[PDB]
Every structure is written in C-alpha cells, then in structure tokens.
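Heads up: numbering here begins at 1 and tracks the sequence. Counting starts at 1 for both ligands and their atoms, following the listed order.
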Amino acid sequence: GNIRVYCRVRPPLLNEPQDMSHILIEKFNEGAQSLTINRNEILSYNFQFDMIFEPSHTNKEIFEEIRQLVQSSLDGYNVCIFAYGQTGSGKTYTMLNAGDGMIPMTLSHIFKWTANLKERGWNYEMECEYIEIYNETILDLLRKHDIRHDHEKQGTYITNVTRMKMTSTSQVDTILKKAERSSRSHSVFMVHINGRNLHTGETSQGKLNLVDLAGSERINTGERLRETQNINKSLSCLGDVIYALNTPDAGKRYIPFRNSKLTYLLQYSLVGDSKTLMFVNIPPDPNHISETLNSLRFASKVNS
Ligand SMILES: Nc1ncnc2c1ncn2[C@@H]1O[C@H](COP(=O)(O)OP(=O)(O)O)[C@@H](O)[C@H]1O
Ligand SMILES: [Mg+2]
C-alpha cells in the first residue's frame, strides 16, 4: 500500500541551546527532500524523506499536507498516521496540540466534509475508540481486552473497549480533553467511518488510526529494563512490518503483525488499499544528536 515519511524538526524551546547549524534542510527537489546532520569531532549523515518540515512550519501548515490523506478515509480507505521519535521531540505536540493537532484538525475537517457530503445524499455515521498500549497490554482511555480479527470481512475490534458515537466537533473535543507513562506507551485514536448514499445505495467504509508512539530512546531496576524491552521491540516490530509491506514482493512475504499489540490491532489498516504516513519528530538540540540519528535511521529504513 501507500507509505509516506515526513520528518519534522521542532524549534528550540526557550531554555534549550538555540543553534541549529548542525542541521541542513535542502529545499524540496523535483523526487524527495533531503536533510543532512553534521557532527564535529566532522561526520556527515544524509537522509531522504517525502517531506521535511522546518522549525518554522506550523501545525496548520503541516495539516494541509495530510488533509487529502485523512479525507480519503471517507472514500473507503483505512489510514494510519504515526508520530515517531525520542521523548521531547514533538510527537504529542504534533498529534494532540489543542485545536492545532493532527487529531483535532482531522476531526474538524472530517465533520465539515461529512456535513458537506449531505448535499450529495451521503449519510456518515462515526465512532471513536481511544486506547493506549503500555507493556504490550491494552488500556481503554474512554472507559481485559483482546483483539478480534475477521479475515473474511477484513475488520477488527477490541473486546470491552468503549466505542463512542461522534456527534459534533465540539463533543469530540471534550472526549480528548477529558482523556511519564505516556512517554512510555503508544496512544491510538481510532475513527470508524461508515456511510451510505441515500440516492445511490452506495456504501463506504473507512478508518482513521492516529498514533502517538512511545518514545524511541534506548536506555542504559529490571521492571524498567523489561518495560524498555517491550517498547524497543514494539517499535522494531512496527518498523519491520511497514518495511515488509512496502517491498515490491510483499504479497510473498511473512508480515509479523502478531509480534506486537499495535501491529496486530492495526493489521487491516496497514494492508490492501491502505494509506500510511509516518512523522519522524526530531529535536534541534545537538546534545541529542545520537538519538536524533537513530530516529532518522529508523524512519529512512521504513521509507526505503
Ligand atoms: N513544533 C513545535 N512548536 C512549538 N513547540 C513544540 C513543537 N513540538 C514540540 N513542542 C514543545 O516541546 C516540548 C516537547 O514536545 P512533546 O510533544 O511533549 O514531545 P514528545 O511527545 O515527543 O515527548 C513540549 O513542551 C511541546 O510543547
Ligand atoms: Mg509525548
């Protein structure tokens, strides 16, 4: 299916080092955008992405870049957007920032398009789930949960997880607001979209899966050592799955969906017609350069 990788370099916070000269972002070159990281010991690293957002690029500017993507979920597509990176790099800000976030923007633009489509005779019914995966166990944020797949109807649900009907842009916003560990867990906001055209009888089923990933950094008590092993293996698994789905021979490959809760849960949104987008968030601070490079490698591997 379709996979795209955007890199976002966030701007320095007030108390952080302010110098970005170690990061060089080329203008978009007609077919990838490149960035290079220089570390002075002088080592150069280069990476290619579908798009690179600079410290000056706003949430609203970025959403214009994913708008067609998330809109395609009313067109019968399953869509996954992931935000990946080191703790502090801007994952949650990108996805959740109030009124600005990919999640708030997508929800708004969804209701607008939905309302819009009544003119064509379309009636859409929407539900959301919001869950978090911590140590490969599932927590329902809208409150035992198991993942149940129907291979014939290509669909998925989690047992005993509240699924709330979505009414207004206002009403949806309250659910989010209402709902360190979070730095260590994956948070997954899902929007189930079913529609039918009153005049035509035409049916539409689509999905949005918006994911704020556990932080990717690698550690150096044993409850923490285990936790950090789950996280690292969960992230690797996600990377292996996306990479394998991208190969030209993918239909001939084993895809290890079953190796983590996130990939198992999302399997039918990762496959077939599905569209996937991954943000790599990176901090500007040269003090974090090695974690930054790990992040960049992870995402480029997936991209390739
Ligand atoms: N693009 C951005 N513009 C302004 N502030 C940002 C941006 N990205 C992150 N921040 C801020 O930097 C800090 C870390 O971001 P956060 O979203 O918590 O990181 P993560 O989710 O990757 O752990 C927060 O204080 C957040 O408000
Ligand atoms: Mg966070």
Worksheet item: Under 3.5 Å, is there a donor-acceptor pair between the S216 and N294 side chains?
Response: no
Discussion item. Can you see whether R181 engages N135 through a side-chain donor-acceptor pair at a distance of less than 3.5 angstrom?
Written reply: no
Practice prompt. Please step through side chain to side chain contact (heavy atoms under 4.5 Å, CB included) for the pair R8 and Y93, ending with a clear verdict.
Written response: CA-CA 11 Å; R8 184 186 200 168; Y93 184 89; 4.2 Å; yes
Worksheet entry | Side chains of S44 and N38, donor plus acceptor under 3.5 Å | yes
Worksheet entry | Donor on one side chain, acceptor on other, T87 and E217, under 3.5 Å | yes
Item to complete: Assess the side chains of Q86 and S89: does a donor N or O sit below 3.5 Å from an acceptor N or O?
Response: no
Worksheet item: Can you tell me if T92 has an N, O or S atom under 2.8 Å away from the Mg ion (ligand 2)?
Response: yes
Worksheet, complete the sentence: Heavy-atom contacts under 4.0 Å to ligand 1, chain-then-number order, include exactly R8, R10, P11, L13, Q86, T87, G88, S89, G90, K91, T92, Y93
